[PDB]
>>> print(open('upload25.txt').read())   # compact mmCIF, C-alpha atoms and all ligand atoms
# COMPACT_ATOMS: atom_id res chain seq x y z
CA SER A 7 0.81 -5.25 -15.43
CA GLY A 8 -0.95 -1.88 -15.27
CA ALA A 9 -1.18 1.65 -16.66
CA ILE A 10 -2.14 5.25 -15.77
CA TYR A 11 -4.74 6.83 -18.08
CA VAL A 12 -4.67 10.66 -17.89
CA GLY A 13 -6.14 12.92 -20.57
CA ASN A 14 -5.11 11.48 -23.95
CA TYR A 15 -2.07 9.68 -22.48
CA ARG A 16 -1.35 6.15 -21.28
CA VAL A 17 1.65 5.76 -18.92
CA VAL A 18 3.17 2.26 -18.70
CA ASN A 19 6.44 0.57 -17.61
CA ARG A 20 8.71 0.94 -20.68
CA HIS A 21 9.71 -2.78 -20.41
CA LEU A 22 6.03 -3.82 -20.69
CA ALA A 23 5.02 -1.40 -23.50
CA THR A 24 3.14 -3.08 -26.34
CA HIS A 25 3.57 -2.74 -30.14
CA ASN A 26 0.64 -0.27 -30.03
CA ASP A 27 2.29 1.83 -27.29
CA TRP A 28 5.42 2.17 -29.46
CA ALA A 29 3.33 2.97 -32.58
CA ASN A 30 1.64 5.84 -30.67
CA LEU A 31 4.80 6.95 -28.79
CA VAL A 32 4.81 10.38 -27.07
CA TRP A 33 7.89 10.01 -24.81
CA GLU A 34 10.04 7.25 -23.30
CA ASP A 35 13.01 7.09 -20.94
CA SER A 36 14.90 3.81 -20.44
CA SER A 37 16.65 5.29 -17.37
CA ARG A 38 13.22 5.75 -15.69
CA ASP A 39 11.52 2.56 -17.04
CA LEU A 40 8.67 4.80 -18.36
CA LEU A 41 6.86 5.09 -21.65
CA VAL A 42 3.89 7.34 -22.52
CA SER A 43 1.68 6.69 -25.54
CA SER A 44 -1.30 8.61 -26.96
CA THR A 45 -4.93 7.42 -26.63
CA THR A 46 -8.18 8.25 -28.46
CA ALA A 47 -10.35 7.99 -25.31
CA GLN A 48 -10.21 10.38 -22.32
CA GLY A 49 -8.39 8.92 -19.30
CA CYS A 50 -9.84 7.99 -15.88
CA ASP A 51 -6.89 9.11 -13.65
CA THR A 52 -5.51 12.39 -12.13
CA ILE A 53 -1.79 13.01 -11.16
CA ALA A 54 -0.55 14.14 -7.77
CA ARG A 55 1.59 17.32 -7.73
CA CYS A 56 3.10 17.13 -4.26
CA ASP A 57 5.96 15.90 -2.04
CA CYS A 58 4.06 13.11 -0.19
CA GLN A 59 6.22 10.22 1.02
CA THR A 60 3.34 8.01 2.23
CA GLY A 61 0.56 6.47 0.15
CA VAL A 62 -1.09 3.23 -0.85
CA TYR A 63 -0.16 0.89 -3.74
CA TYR A 64 -1.90 -1.94 -5.50
CA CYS A 65 -0.06 -5.32 -5.29
CA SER A 66 -1.41 -7.66 -8.01
CA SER A 67 0.38 -10.71 -6.54
CA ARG A 68 -1.72 -10.32 -3.41
CA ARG A 69 -4.89 -8.80 -5.04
CA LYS A 70 -4.59 -6.17 -2.27
CA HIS A 71 -3.62 -2.60 -1.55
CA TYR A 72 -0.92 -1.82 1.04
CA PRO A 73 0.09 1.42 2.80
CA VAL A 74 3.77 2.46 2.31
CA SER A 75 6.39 4.98 3.40
CA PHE A 76 8.67 5.61 0.38
CA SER A 77 11.89 7.47 -0.35
CA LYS A 78 12.06 10.64 -2.48
CA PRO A 79 12.71 10.06 -6.22
CA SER A 80 16.38 9.22 -6.67
CA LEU A 81 19.06 7.44 -8.73
CA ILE A 82 19.19 3.79 -7.52
CA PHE A 83 21.25 0.88 -8.81
CA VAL A 84 19.07 -1.90 -10.32
CA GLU A 85 20.59 -5.31 -11.09
CA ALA A 86 20.51 -6.74 -14.64
CA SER A 87 17.32 -8.46 -15.73
CA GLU A 88 16.03 -9.86 -19.05
CA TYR A 89 14.80 -6.32 -19.80
CA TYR A 90 17.78 -4.12 -18.95
CA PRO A 91 21.50 -4.30 -18.29
CA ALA A 92 22.71 -3.49 -14.74
CA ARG A 93 22.26 0.31 -14.47
CA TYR A 94 21.12 3.24 -12.31
CA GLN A 95 17.40 3.88 -12.67
CA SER A 96 16.43 7.53 -12.05
CA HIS A 97 13.26 9.01 -10.41
CA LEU A 98 12.83 5.74 -8.43
CA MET A 99 11.29 5.57 -4.93
CA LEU A 100 11.78 2.60 -2.62
CA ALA A 101 9.55 1.25 0.13
CA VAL A 102 9.21 -1.86 2.26
CA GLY A 103 6.38 -3.94 0.86
CA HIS A 104 5.74 -7.10 -1.08
CA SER A 105 6.38 -7.23 -4.79
CA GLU A 106 7.30 -9.93 -7.23
CA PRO A 107 7.64 -10.27 -11.03
CA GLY A 108 4.19 -9.44 -12.46
CA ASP A 109 3.53 -6.56 -10.03
CA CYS A 110 4.93 -3.80 -12.30
CA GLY A 111 2.28 -1.28 -13.33
CA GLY A 112 0.43 -1.29 -10.00
CA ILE A 113 -0.47 2.27 -9.05
CA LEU A 114 0.84 4.15 -6.00
CA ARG A 115 -1.57 6.94 -4.88
CA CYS A 116 -1.54 9.55 -2.11
CA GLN A 117 -4.45 11.86 -1.10
CA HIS A 118 -3.61 14.14 -4.11
CA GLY A 119 -3.72 11.58 -6.88
CA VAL A 120 -1.46 9.12 -8.71
CA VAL A 121 2.19 9.29 -7.62
CA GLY A 122 3.75 6.53 -9.73
CA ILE A 123 3.78 2.87 -10.76
CA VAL A 124 5.57 -0.26 -9.50
CA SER A 125 8.79 -0.69 -11.46
CA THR A 126 11.22 -2.77 -9.29
CA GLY A 127 11.29 -4.96 -6.21
CA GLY A 128 13.32 -7.21 -4.03
CA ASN A 129 13.22 -9.24 -0.82
CA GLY A 130 10.50 -7.29 0.94
CA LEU A 131 11.13 -4.12 -1.12
CA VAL A 132 8.97 -2.45 -3.79
CA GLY A 133 10.22 0.37 -6.08
CA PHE A 134 7.98 2.93 -7.83
CA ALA A 135 8.73 5.01 -10.92
CA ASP A 136 7.65 8.59 -10.04
CA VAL A 137 5.43 10.50 -12.48
CA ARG A 138 4.76 13.67 -10.42
CA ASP A 139 7.37 15.69 -12.25
CA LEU A 140 5.75 15.05 -15.69
CA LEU A 141 3.69 18.26 -15.66
CA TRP A 142 2.79 17.95 -19.35
CA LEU A 143 0.58 14.88 -18.57
CA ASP A 144 -2.10 17.41 -17.41
CA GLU A 145 -2.11 19.50 -20.60
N1 LIG B 1 12.79 -1.41 -13.61
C1 LIG B 1 13.51 -2.50 -13.84
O1 LIG B 1 14.70 -2.47 -14.18
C2 LIG B 1 12.80 -3.82 -13.61
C3 LIG B 1 12.54 -4.57 -14.94
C4 LIG B 1 11.82 -5.90 -14.69
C5 LIG B 1 12.57 -6.73 -13.65
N2 LIG B 1 12.85 -5.95 -12.43
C6 LIG B 1 12.37 -6.23 -11.21
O2 LIG B 1 12.70 -5.59 -10.23
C7 LIG B 1 11.40 -7.41 -11.03
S1 LIG B 1 9.71 -6.92 -11.57
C8 LIG B 1 9.24 -6.51 -9.90
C9 LIG B 1 10.12 -7.33 -9.00
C10 LIG B 1 9.87 -7.68 -7.68
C11 LIG B 1 10.74 -8.53 -7.03
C12 LIG B 1 11.86 -8.98 -7.72
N3 LIG B 1 12.15 -8.64 -8.99
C13 LIG B 1 11.27 -7.83 -9.60
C14 LIG B 1 13.61 -4.72 -12.67
ZN ZN B 2 0.40 13.80 -2.26
>>> encode(input="upload25.txt", output="structure tokens")
Amino acid sequence: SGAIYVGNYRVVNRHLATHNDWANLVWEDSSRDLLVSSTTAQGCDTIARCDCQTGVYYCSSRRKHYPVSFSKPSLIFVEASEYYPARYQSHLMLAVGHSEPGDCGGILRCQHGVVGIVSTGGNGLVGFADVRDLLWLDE
């Protein structure tokens, strides 16, 4: 679990969005596993606007942060799960690192700010949904 809170927006994995997220929907994209909802309180986070490919993510299944090298956002095949059919997920970045079911929502940050959130994983892989292209989060 986990979310980004920036301005009057809350960014979560679309597959973990709550009834309240959907009732205050701003934007969602199943192909990216992202959903943004509106908030009444001002958010605590700031978004990176950069091309970094290294950073640090929070892994809830280890209660620890790990450094990662990750690929540029791209279209990657993701196997079927209870949440989605087998499909290509866009704006996804892969890295070698631990992740397991429950770790989605953990933040990936570089020196500039929040880069994205955990969205997929595999045998020693972790995948992050990029948010750096969502310029409107800052306005
Ligand atoms: N974006 C998606 O389509 C997700 C939806 C939830 C299930 N998916 C996963 O990858 C799980 S959750 C993190 C993790 C880590 C190791 C193995 N499996 C997983 C795919
Ligand atoms: Zn950066």
>>> closest_atom_pairs(input="upload25.txt", of="chain A", to="ligand ZN 2 (chain B)", cutoff="6 Å", atoms="all atoms listed in the file", output="Markdown table")
| residue | atom | partner | partner_atom | distance |
| --- | --- | --- | --- | --- |
| A:54 | CA | B:ZN2 | ZN | 5.6 |
| A:56 | CA | B:ZN2 | ZN | 4.7 |
| A:57 | CA | B:ZN2 | ZN | 5.9 |
| A:58 | CA | B:ZN2 | ZN | 4.3 |
| A:116 | CA | B:ZN2 | ZN | 4.7 |
| A:117 | CA | B:ZN2 | ZN | 5.4 |
| A:118 | CA | B:ZN2 | ZN | 4.4 |
>>> closest_residue(input="upload25.txt", among="A:42, A:137, A:32, A:132", to="residue 16 of chain A", atoms="all atoms listed in the file")
A:42
>>> residues_near_ligand(input="upload25.txt", ligand="ligand LIG 1 (chain B)", cutoff="7 Å", atoms="only C-alpha atoms and all ligand atoms", output="MDAnalysis selection string")
chainID A and resid 21 39 84 87 89:90 105:110 125:129 132
>>> residues_near_point(input="upload25.txt", point="(-7.3, -4.4, -7.9)", cutoff="12 Å", atoms="all atoms listed in the file", output="VMD selection string")
chain A and resid 7 to 8 63 to 72 109 111 to 114
>>> write_last_selection(input="upload25.txt", atoms="C-alpha atoms", output="PDB file, keeping the file's coordinate frame")
ATOM      1  CA  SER A   7       0.810  -5.250 -15.430  1.00  0.00           C
ATOM      2  CA  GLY A   8      -0.950  -1.880 -15.270  1.00  0.00           C
ATOM      3  CA  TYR A  63      -0.160   0.890  -3.740  1.00  0.00           C
ATOM      4  CA  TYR A  64      -1.900  -1.940  -5.500  1.00  0.00           C
ATOM      5  CA  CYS A  65      -0.060  -5.320  -5.290  1.00  0.00           C
ATOM      6  CA  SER A  66      -1.410  -7.660  -8.010  1.00  0.00           C
ATOM      7  CA  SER A  67       0.380 -10.710  -6.540  1.00  0.00           C
ATOM      8  CA  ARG A  68      -1.720 -10.320  -3.410  1.00  0.00           C
ATOM      9  CA  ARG A  69      -4.890  -8.800  -5.040  1.00  0.00           C
ATOM     10  CA  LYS A  70      -4.590  -6.170  -2.270  1.00  0.00           C
ATOM     11  CA  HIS A  71      -3.620  -2.600  -1.550  1.00  0.00           C
ATOM     12  CA  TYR A  72      -0.920  -1.820   1.040  1.00  0.00           C
ATOM     13  CA  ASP A 109       3.530  -6.560 -10.030  1.00  0.00           C
ATOM     14  CA  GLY A 111       2.280  -1.280 -13.330  1.00  0.00           C
ATOM     15  CA  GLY A 112       0.430  -1.290 -10.000  1.00  0.00           C
ATOM     16  CA  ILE A 113      -0.470   2.270  -9.050  1.00  0.00           C
ATOM     17  CA  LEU A 114       0.840   4.150  -6.000  1.00  0.00           C
TER      18      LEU A 114
END
>>> atom_distance(input="upload25.txt", atom1="atom CA of residue 120 of chain A", atom2="atom CA of residue 85 of chain A")
26.5 Å
>>> closest_residue(input="upload25.txt", among="A:86, A:15, A:9, A:130", to="residue 102 of chain A", atoms="only C-alpha atoms")
A:130
>>> residues_around(input="upload25.txt", residues="residue 51 of chain A", least_positions_apart="5", cutoff="8 Å", atoms="all atoms listed in the file", output="list in words")
residues 10, 11, 12, 13, 119 and 120 of chain A
>>> write_last_selection(input="upload25.txt", atoms="C-alpha atoms", output="compact mmCIF listing (two decimals), in the frame of the given file")
# COMPACT_ATOMS: atom_id res chain seq x y z
CA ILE A 10 -2.14 5.25 -15.77
CA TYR A 11 -4.74 6.83 -18.08
CA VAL A 12 -4.67 10.66 -17.89
CA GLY A 13 -6.14 12.92 -20.57
CA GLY A 119 -3.72 11.58 -6.88
CA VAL A 120 -1.46 9.12 -8.71
>>> closest_residue(input="upload25.txt", among="A:91, A:122, A:49, A:61", to="residue 18 of chain A", atoms="all atoms listed in the file")
A:122
>>> residues_around(input="upload25.txt", residues="residue 75 of chain A", least_positions_apart="2", cutoff="6 Å", atoms="only C-alpha atoms", output="ChimeraX atom specification")
/A:59-60,101
>>> closest_residue(input="upload25.txt", among="A:62, A:36, A:139, A:14", to="residue 79 of chain A", atoms="only C-alpha atoms")
A:139
>>> residues_around(input="upload25.txt", residues="residue 20 of chain A", least_positions_apart="3", cutoff="8 Å", atoms="only C-alpha atoms", output="PyMOL selection string")
chain A and resi 23+34-36+39-41
>>> residues_around(input="upload25.txt", residues="residue 94 of chain A", least_positions_apart="5", cutoff="9 Å", atoms="only C-alpha atoms", output="PyMOL selection string")
chain A and resi 37-38+81-85
>>> residues_around(input="upload25.txt", residues="residue 138 of chain A", least_positions_apart="2", cutoff="7 Å", atoms="only C-alpha atoms", output="VMD selection string")
chain A and resid 53 to 55 121 136 140
>>> atom_distance(input="upload25.txt", atom1="atom CA of residue 99 of chain A", atom2="atom CA of residue 131 of chain A")
10.4 Å
>>> decode(input="upload25.txt", residues="segment 8-63 of chain A", atoms="C-alpha atoms", output="PDB file, in the first residue's frame")
ATOM      1  CA  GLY A   8       0.972   3.666  -0.363  1.00  0.00           C
ATOM      2  CA  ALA A   9       0.214   7.000  -2.020  1.00  0.00           C
ATOM      3  CA  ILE A  10       1.802  10.276  -3.214  1.00  0.00           C
ATOM      4  CA  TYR A  11       0.224  13.439  -1.778  1.00  0.00           C
ATOM      5  CA  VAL A  12       1.005  16.516  -3.922  1.00  0.00           C
ATOM      6  CA  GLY A  13      -1.017  19.739  -3.780  1.00  0.00           C
ATOM      7  CA  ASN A  14      -4.697  18.760  -3.696  1.00  0.00           C
ATOM      8  CA  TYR A  15      -4.045  15.373  -5.337  1.00  0.00           C
ATOM      9  CA  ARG A  16      -3.554  11.820  -4.085  1.00  0.00           C
ATOM     10  CA  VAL A  17      -1.798   9.410  -6.503  1.00  0.00           C
ATOM     11  CA  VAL A  18      -2.384   5.689  -5.886  1.00  0.00           C
ATOM     12  CA  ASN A  19      -2.120   2.355  -7.766  1.00  0.00           C
ATOM     13  CA  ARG A  20      -5.420   2.146  -9.714  1.00  0.00           C
ATOM     14  CA  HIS A  21      -5.904  -1.497  -8.549  1.00  0.00           C
ATOM     15  CA  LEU A  22      -5.750  -0.376  -4.883  1.00  0.00           C
ATOM     16  CA  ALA A  23      -7.938   2.767  -5.208  1.00  0.00           C
ATOM     17  CA  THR A  24     -10.668   2.990  -2.572  1.00  0.00           C
ATOM     18  CA  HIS A  25     -14.378   3.874  -2.924  1.00  0.00           C
ATOM     19  CA  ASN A  26     -13.413   7.416  -1.815  1.00  0.00           C
ATOM     20  CA  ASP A  27     -10.680   7.683  -4.479  1.00  0.00           C
ATOM     21  CA  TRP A  28     -13.247   6.812  -7.177  1.00  0.00           C
ATOM     22  CA  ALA A  29     -15.821   9.249  -5.695  1.00  0.00           C
ATOM     23  CA  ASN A  30     -13.227  12.069  -5.940  1.00  0.00           C
ATOM     24  CA  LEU A  31     -11.733  10.927  -9.282  1.00  0.00           C
ATOM     25  CA  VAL A  32      -9.519  13.370 -11.243  1.00  0.00           C
ATOM     26  CA  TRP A  33      -7.877  10.964 -13.736  1.00  0.00           C
ATOM     27  CA  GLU A  34      -7.183   7.238 -14.123  1.00  0.00           C
ATOM     28  CA  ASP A  35      -5.400   5.032 -16.644  1.00  0.00           C
ATOM     29  CA  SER A  36      -5.726   1.239 -16.473  1.00  0.00           C
ATOM     30  CA  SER A  37      -2.794   0.867 -18.899  1.00  0.00           C
ATOM     31  CA  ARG A  38      -0.524   2.667 -16.366  1.00  0.00           C
ATOM     32  CA  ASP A  39      -2.070   1.218 -13.129  1.00  0.00           C
ATOM     33  CA  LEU A  40      -2.543   4.841 -11.898  1.00  0.00           C
ATOM     34  CA  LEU A  41      -5.411   6.751 -10.370  1.00  0.00           C
ATOM     35  CA  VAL A  42      -5.424  10.339  -9.056  1.00  0.00           C
ATOM     36  CA  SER A  43      -8.104  11.627  -6.698  1.00  0.00           C
ATOM     37  CA  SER A  44      -8.706  15.073  -5.169  1.00  0.00           C
ATOM     38  CA  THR A  45      -7.983  15.913  -1.496  1.00  0.00           C
ATOM     39  CA  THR A  46      -9.113  18.693   0.870  1.00  0.00           C
ATOM     40  CA  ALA A  47      -5.725  18.919   2.668  1.00  0.00           C
ATOM     41  CA  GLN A  48      -2.467  20.151   1.098  1.00  0.00           C
ATOM     42  CA  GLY A  49      -0.046  17.333   0.217  1.00  0.00           C
ATOM     43  CA  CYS A  50       3.374  16.568   1.759  1.00  0.00           C
ATOM     44  CA  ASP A  51       5.244  15.466  -1.437  1.00  0.00           C
ATOM     45  CA  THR A  52       7.017  17.117  -4.453  1.00  0.00           C
ATOM     46  CA  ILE A  53       7.464  15.477  -7.957  1.00  0.00           C
ATOM     47  CA  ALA A  54      10.746  15.013  -9.777  1.00  0.00           C
ATOM     48  CA  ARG A  55      10.933  16.514 -13.310  1.00  0.00           C
ATOM     49  CA  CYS A  56      14.045  14.806 -14.648  1.00  0.00           C
ATOM     50  CA  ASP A  57      15.545  11.812 -16.490  1.00  0.00           C
ATOM     51  CA  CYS A  58      17.217  10.096 -13.477  1.00  0.00           C
ATOM     52  CA  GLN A  59      17.591   6.320 -13.776  1.00  0.00           C
ATOM     53  CA  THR A  60      18.886   5.730 -10.226  1.00  0.00           C
ATOM     54  CA  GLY A  61      17.062   6.372  -6.951  1.00  0.00           C
ATOM     55  CA  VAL A  62      15.844   4.774  -3.756  1.00  0.00           C
ATOM     56  CA  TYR A  63      12.513   2.998  -3.117  1.00  0.00           C
TER      57      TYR A  63
END
